[PDB]
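Trainee: Sequence and experimental coordinates follow.
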Amino acid sequence: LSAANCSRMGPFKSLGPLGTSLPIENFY
Amino acid sequence: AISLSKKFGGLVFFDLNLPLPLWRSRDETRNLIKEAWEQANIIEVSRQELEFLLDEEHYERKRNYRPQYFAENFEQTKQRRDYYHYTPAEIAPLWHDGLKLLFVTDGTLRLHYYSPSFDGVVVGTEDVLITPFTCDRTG
Amino acid sequence: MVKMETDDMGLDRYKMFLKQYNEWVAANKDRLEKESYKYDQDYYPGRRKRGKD
């Protein structure tokens, strides 16, 4: 698939890594 | 002769039609033809001549741009010949105050016109194959 | 264990890394934009934002 086949119809008009989880004592 | 005509009300038309020696450099030619251009009121140049004068390689690169993922208009979806209209700012390197009209021609296929207040294109055609054995484009 | 209190936390290791990164960005921000332009012609989602972006 390429440009000949697909076209752009409409011209028309805080976030990040919070952390990494910690392993658990109560595995069950 | 140019001076005498202007005295008596004349308007000058420079149809360029560049000869072979003058196709070597943009720089040598712009200098040789300069006085004539500025004393001219109507000018006709071909598409290949206009590009020669300004950024010939830049125009060539443009016509070979084919978009990678998606087309931006339905026109680019159709694989047809280029008929770029030169924007008025592009031709500003070559305007002067006494120029009433400028015509750029692409065969009989397109004719572009530029005036102090307006711009545009006239669509045309060519059919040399209707008479295959008596076709000459010479005049 | 939750202390709602603050100012007793030292992420020294992280902080050191943070300074370290800051220098890195400075050094190659430019190189990185030039490289994108050369190898990637048009933006698609997932590729480096450049320009007005």
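Mentor: On my side now, so go ahead. Numbers count the residues shown, from 1 in each chain, chains lettered A, B, ... in the order given.
Trainee: surely residue B:67 meets residue C:42?
Mentor: Yes: taking C-beta atoms under 8 Å as the definition, residue B:67 is a contact partner of residue C:42 at 6.7 Å. The way it works is simple: take the backbone N, C-alpha and C, and place the C-beta from them, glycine included.
Trainee: ok, then the element right after the helix or strand that contains residue B:4?
Mentor: Using DSSP states H and E, residue B:4 maps to helix B:2-7. Using DSSP H and E, the next helix or strand after helix B:2-7 towards the C-terminus is strand B:13-15.
Trainee: which secondary structure elements does that next one contact?
Mentor: Under the contact definition 3 or more C-beta pairs under 8 Å, 6 or more residues apart in numbering or on different chains; DSSP states H and E, strand B:13-15 sits against strand B:42-46.
Trainee: Put the alpha carbons of the strand it packs on into PDB.
Mentor: Output of strand B:42-46 as PDB, limited to C-alpha atoms (Å, rounded to 0.1, in the frame of the first residue of the first chain):
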ATOM      1  CA  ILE B  42       6.400  42.700 -22.200                       C
ATOM      2  CA  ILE B  43       8.600  39.500 -21.900                       C
ATOM      3  CA  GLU B  44       8.100  35.900 -23.100                       C
ATOM      4  CA  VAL B  45      10.200  33.100 -21.800                       C
ATOM      5  CA  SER B  46       9.900  29.300 -22.000                       C
END
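Trainee: which residues sit against whichever helix or strand comes after that strand?
Mentor: Sequence order places helix B:47-53 as the next helix or strand after strand B:42-46, per DSSP H and E. Under the contact criterion C-beta atoms under 8 Å, 6 or more residues apart in numbering or on different chains, helix B:47-53 has outside partners B:16, B:18, B:23, B:26, B:29-30, B:45, B:59-60, B:86, B:94, B:104-106.
Trainee: Residue A:21: how many residues sit nearby?
Mentor: 6 (other C-beta atoms under 10 Å in any protein chain shown).
Trainee: measure it to residue C:1 for me?
Mentor: 17 Å (C-beta to C-beta, to the nearest Å).
Trainee: coming back round to it: quick one, which of residue B:67 and residue C:42 is more surrounded?
Mentor: Between residue B:67 and residue C:42, counting by other C-beta under 10 Å, residue B:67 is the more crowded of the two (17 against 10).
Trainee: Now for that one: which residues touch it?
Mentor: Residues near residue B:67 by C-beta under 8 Å, 6+ apart: A:3, B:76, C:42.
Trainee: before we move on, back to that, turn the contacts of helix B:47-53 into JSON lines, columns for secondary structure, neighbour count and distance to residue B:122.
Mentor: Below are the contacts of helix B:47-53 laid out as JSON lines (DSSP: H, G, I helix; E, B strand; the rest coil; neighbours: other C-beta atoms under 10 Å in any protein chain shown; distance: C-beta to C-beta, whole Å):
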{"residue": "B:16", "secondary structure": "coil", "neighbour count": "18", "distance to residue B:122": "20"}
{"residue": "B:18", "secondary structure": "coil", "neighbour count": "15", "distance to residue B:122": "23"}
{"residue": "B:23", "secondary structure": "helix", "neighbour count": "13", "distance to residue B:122": "27"}
{"residue": "B:26", "secondary structure": "helix", "neighbour count": "14", "distance to residue B:122": "28"}
{"residue": "B:29", "secondary structure": "helix", "neighbour count": "18", "distance to residue B:122": "28"}
{"residue": "B:30", "secondary structure": "helix", "neighbour count": "15", "distance to residue B:122": "28"}
{"residue": "B:45", "secondary structure": "strand", "neighbour count": "20", "distance to residue B:122": "16"}
{"residue": "B:59", "secondary structure": "helix", "neighbour count": "18", "distance to residue B:122": "21"}
{"residue": "B:60", "secondary structure": "helix", "neighbour count": "10", "distance to residue B:122": "24"}
{"residue": "B:86", "secondary structure": "coil", "neighbour count": "17", "distance to residue B:122": "15"}
{"residue": "B:94", "secondary structure": "helix", "neighbour count": "16", "distance to residue B:122": "21"}
{"residue": "B:104", "secondary structure": "strand", "neighbour count": "21", "distance to residue B:122": "11"}
{"residue": "B:105", "secondary structure": "strand", "neighbour count": "18", "distance to residue B:122": "10"}
{"residue": "B:106", "secondary structure": "strand", "neighbour count": "18", "distance to residue B:122": "11"}
